[PDB]
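Dumping the structure here so I can ask a few things about it.
Which chain is which? They are A, B, C, D, E, F and G, in the order written, and residues in each are numbered from 1.
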Amino acid sequence: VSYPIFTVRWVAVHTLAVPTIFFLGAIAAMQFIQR
Amino acid sequence: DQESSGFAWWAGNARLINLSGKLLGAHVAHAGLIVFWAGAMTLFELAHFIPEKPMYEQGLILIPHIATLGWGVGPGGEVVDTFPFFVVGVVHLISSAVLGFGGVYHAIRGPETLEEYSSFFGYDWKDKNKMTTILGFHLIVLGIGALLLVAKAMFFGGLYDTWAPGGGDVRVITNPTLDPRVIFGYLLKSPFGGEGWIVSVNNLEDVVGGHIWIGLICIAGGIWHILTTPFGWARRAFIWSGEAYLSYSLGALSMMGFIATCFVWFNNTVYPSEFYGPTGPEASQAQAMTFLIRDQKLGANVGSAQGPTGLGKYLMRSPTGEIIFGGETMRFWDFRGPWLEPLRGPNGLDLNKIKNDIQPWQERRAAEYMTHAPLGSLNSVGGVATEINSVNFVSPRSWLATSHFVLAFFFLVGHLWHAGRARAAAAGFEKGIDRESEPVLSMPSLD
Amino acid sequence: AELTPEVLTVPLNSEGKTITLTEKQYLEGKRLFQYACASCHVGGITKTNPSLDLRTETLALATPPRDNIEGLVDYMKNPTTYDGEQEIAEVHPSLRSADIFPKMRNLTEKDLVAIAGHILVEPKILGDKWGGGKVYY
Amino acid sequence: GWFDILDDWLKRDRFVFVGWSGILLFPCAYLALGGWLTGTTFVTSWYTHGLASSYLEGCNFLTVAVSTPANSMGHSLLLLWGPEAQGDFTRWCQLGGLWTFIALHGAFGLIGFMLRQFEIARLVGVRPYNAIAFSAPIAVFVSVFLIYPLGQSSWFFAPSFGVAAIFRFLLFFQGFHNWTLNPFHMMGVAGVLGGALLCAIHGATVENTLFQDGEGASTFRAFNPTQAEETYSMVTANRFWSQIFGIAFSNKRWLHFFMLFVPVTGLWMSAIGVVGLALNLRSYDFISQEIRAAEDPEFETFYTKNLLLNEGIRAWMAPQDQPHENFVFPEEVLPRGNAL
Amino acid sequence: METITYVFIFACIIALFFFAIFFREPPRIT
Amino acid sequence: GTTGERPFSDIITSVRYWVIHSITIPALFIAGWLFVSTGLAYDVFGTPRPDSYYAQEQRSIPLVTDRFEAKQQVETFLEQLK
Amino acid sequence: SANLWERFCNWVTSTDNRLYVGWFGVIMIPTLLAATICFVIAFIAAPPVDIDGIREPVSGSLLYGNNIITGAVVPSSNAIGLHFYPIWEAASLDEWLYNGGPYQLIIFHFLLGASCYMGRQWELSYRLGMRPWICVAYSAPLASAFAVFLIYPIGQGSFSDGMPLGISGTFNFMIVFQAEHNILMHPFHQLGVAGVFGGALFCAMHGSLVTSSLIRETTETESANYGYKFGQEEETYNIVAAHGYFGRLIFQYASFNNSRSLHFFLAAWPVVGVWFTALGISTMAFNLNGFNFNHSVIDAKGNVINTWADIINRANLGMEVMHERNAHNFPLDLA
């Protein structure tokens, strides 16, 4: 089939995906903040 | 195998209910994970174990077992030589490769059915006899194992003895308790307060004698089975199904799982407390010991001291009259331990002794225990829930008893699950009610 | 930038000298404190004898004075009662009794300094918390 | 005229339905779950209360939260551009703006999601007993996170969006309102607790009453997603229970309505109760008991016992839990048993 | 006077249990 | 029933997908790692750095005590922090 | 005849006896009648029971100053502990009552019958040719009743501890348990709540959806219920119209469509979850308590920064302190 590349669902799946990873990276960074 | 032909993916291992060859590899491979563990973990313990720092203060649970058998301990559980530990740990870690090799092999290369590959090893579930045979062997295998203990005690080094006359230290038992009376007594002794059940057993003579009294019973059975078949009632009683066989053996474990959770939480003898932490009641006792001493050694007259309710802070009586320690500890007046007995008399804790026979080794041992009671959080933070951080510790006695109640329980659930399934797979309807012939539809209504 | 070397200056002797322990010692002092102390002195109190604590003012009225390194140090070597009347090394961990309180065996003159130095800095950070408990948690 | 062109667009059977309702449900919902996740890892509760409430501060999943605003704030909406924040986003974060932000957005988010259940239902042509059922949770959140506080001094006393930050809200209630002794909470429980029993006894009855419509054991496949005969036997079931508990269903239509009424009703009573605690109109004591215990010092019931626990919970907690009150309770005042 | 009022409502639930079981409308097959 | 638009199973399996994302994902991960790492996060959300709760003494908490003049109050609170 | 026993065994096993007395029921029946009858009397009339160890008797019965909400059957004494205190072990009923004898009689009996009640819930299924496992779903509550009445005491050393048979004393058991184990902070309870909270959530869903897709078979002026007939042939609602909506609410695959797969998820979620709480009480019975984060998040200088975990603990202390005011003589609560 000829499925589209950018759909409404893609807008959704990214609004939660992009922030998350951004956070998982930020949060993974704290593990080294000390004193 | 496949689903559209066997069972379902998450039910995989039942696809082997009839493929003994593989079902052997399953059993072998697994019986390797246990050894592997026993081994891999003992080294993990040892690698961290610190020669002279309480074991209980180091999260050990395997080494403590080896120590109790009288291996690398000496007086008071002094951890005299680490080698026996390293030794035990590795042997297992290797024997895991062996067993591991068998499993992987027998569940892949080897025949996936012992049918013709060997008629002696092959087996039939409903074969109400080849089972009684296999059982028989194993029943003998266990017996040899039990007797091994008696050996380690009566012949090779002895075992640990908290009750050691001189004081905790390895001791060679040479007077096993023979005689059914004493031995079997423990069998029909209430499991309730005071008269405990099997969990009593306060001396190694009995632990040893009791085991001697086992092979010479367990093997006696291992034979009787390789030489017979279930009688009449036996047959018209149980469900003869592979799954059903499992069930019975499932409930078995589960039942013991509790008997164990209770043992490691209450017994002082076969769990030294020098290697494990102090019993729960033991610690609640020692806090009184600690303050009956501190206050006496300060002017107080403990015998006459009367507390907030009128019961006497340090000493009060039990329902049957014995003089015990006061406070909430009135509930643990059943605790018996080395460090305390010398203060006991015929009517209970004697005053004269208490008043002037309390050696320092007790004052500090009593202190050690009250500060190492079986209390802590999941993240291992010793003490009451309201305690502050530092001193991370959780008694082995807790970890053990805790884990096993979970296992023990779930297995009882497991028991029902299978005993209930195999008991209906037999009548044959474990897949649904027969549309065409609904038993209910042919029964006189009740209204 | 909060645990400054000023907050790390505690009386060395009884005459007046002071020692400015390093942040390296401190930590190690704490490690050693939990290693052989906390078990019974968590938070700076005493599970087996609540009457006596480790509050600096308390140690001051001790005998001999323990509100300084040398004093606490002497203690871990040979403990005595709050009046100094009896030597209590046989019921309280010390070097004079490592044979009975193993944990003490490791401990070295250097360690003893830290553990002590810790007993003096804590209250500087925690304040009242260090003395009492529950009430102050 | 284009309304329709739009309506058409919105009501298109996509992966994730949208709808007019979605023009509200998503703008908010996300925006709320978003603020939580933010505040949970980045913003602090230091100027508001006096604790670390995020990851960046050292808190873990259990101990983190988007804690309510300072008491001195009042019932202020805390609009980023309002008298307080004065437009400054960061400070907004510090005064506790992230709380009214989550509260209010989540609020309209539950309004949105219900409209959805009502929009999708109208389309697909089914009865709306799922938007009706969902009123139960609106009640809970609308009374526990909105009404309650509006009845007290400020927002500072509303739950805080945190795991522990809630367990605290629990104990506080037990300690100051003596909630567990409220008939309305009791019903609340009787419903949540028994709604669980229905949701588990029914599930098991169905699964162990299935006709055989397959050959294997994993009978999940035996069910044709397509119509026809019932998959289990209601007749056999009704029989089982009736002889093993005396009573038993026998009207799938009633059984499933009960299953809607039980848990829904109980959370409603649960709500009414809290609407009451907003005015401190609690069910704290039984006077008949107090009068007796005042006069006779040997009268003790598990009732009185629990009342002392409360005295303790308030005495020791209050201080660090209500900073704006500058409480100072000398050790000699703290009520305590013996020894402990 | 309360004791009595509580024990009554209770005795009622219990008699209502009897009736609901042994005096229901039998669920006849239709 | 009605199964529309680009499927996930496929998309996850698509080589193009990882080509595209084996840049984007870690990109975000390192992008946020710096958000904390740089200490930017702190300043964005007025969250105190381990050394900024109480100035050397003030065992007293910096508690906002009144709306309207709330902000000015917080400012001076950071002030005192020297 | 044919030897009555042969016959007896047939009645006992009658598949058509109003109430199915079974082999398990042969015990469940007398056990539950002993418990239930002793409870009902104990609750109405019964002297104050020296619950804790001291001599500060608590009255729980109605005729002694209680109402349904405050009343309860009080736990056997602490002086008794774990010891077995039956009526014949008392010097007189009065002793038996003052020391809490009724409790032991009532719980040992309820636990015995409630177990056989679980066994009975299998026997009948078998006798009716139905699949088993219903009795396994009921092992959750039982496991919880076992934890709270038997396991918890075996751990703590006395039946004096362990939830008392009464509405308000149940709240007591809880408020104290918290302070002693910080349960709200234990994984097993949170799973208990997800289970009990979740269970309800789904009970509303299932009940909701189904009701929402009943097939029109009644007027506007007559119950929707009549549209169904006991034992009727086929289904009574559109399981496809149901999924047609729910699927679209969240998204197609984030939904059910297989009655069997859906109904199992209904009986597994709350059961698995409730099991855990039972395993929590059973676990915290041996003092492996909840998480402890007191004095974590310490700052740069060493000042403790307090997190919500601390306000919690602060309220827990208050409980720890006032509870059992006259029963403590020493610093640590190790019992």
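Here, a contact is a pair of C-beta atoms (placed from the backbone, for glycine too) under 8 Å apart; a residue touches a chain by one contact, two chains touch by 3 or more.
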{"item": "Touching both subunit A and subunit F (chains)", "value": "D"}
{"item": "For subunit G, the least number of touch steps when starting out from subunit C", "value": "1"}
{"item": "Innermost chain by mean C-alpha position", "value": "G"}
{"item": "Most heavily contacting chain pair (counted by C-beta pairs in contact)", "value": "D-G"}
{"item": "Whole-Å gap between the CA centroids of subunit A and subunit B", "value": "49"}
{"item": "Where subunit A and subunit C are represented by their mean Cα positions, the distance between them in whole Å", "value": "51"}
{"item": "Whole-Å separation of chain centres (CA-atom averages), subunit E against subunit F", "value": "61"}
{"item": "Junction residues of subunit F, two or more chains touched", "value": "5, 36, 41, 50-51, 53, 56, 59"}
{"item": "Two or more partner chains touched - positions in subunit G", "value": "17-18, 56, 67, 125, 128, 130-133, 136, 230-232, 244, 252, 291, 293-296, 299-301, 303, 305, 310, 313-314, 316-317, 320-321, 324, 326-333"}
{"item": "Residues of subunit B whose C-beta touches two or more other chains", "value": "290, 308, 370, 386-388, 429-430, 432-434, 438-440, 443, 445-446"}
{"item": "Interfacial residue positions of subunit C with respect to subunit F in the complex", "value": "1-2, 4, 127"}
{"item": "Of subunit A, residues touching subunit D in the complex", "value": "7-9, 12, 15-16, 19, 23, 26-27, 30, 33"}
{"item": "Parts of subunit G lying in touch with subunit F, wherever the complex brings them together", "value": "244, 247, 252, 299-301, 303, 305"}
{"item": "In the complex with subunit C, residue positions of subunit B that touch it", "value": "52-53, 290, 294, 360-361, 363-364, 367, 370-372, 383, 386-388, 390-391"}
{"item": "Subunit E partner contacts - residues on subunit G that touch it in the complex", "value": "18, 44, 62-63, 67-68, 229-232"}
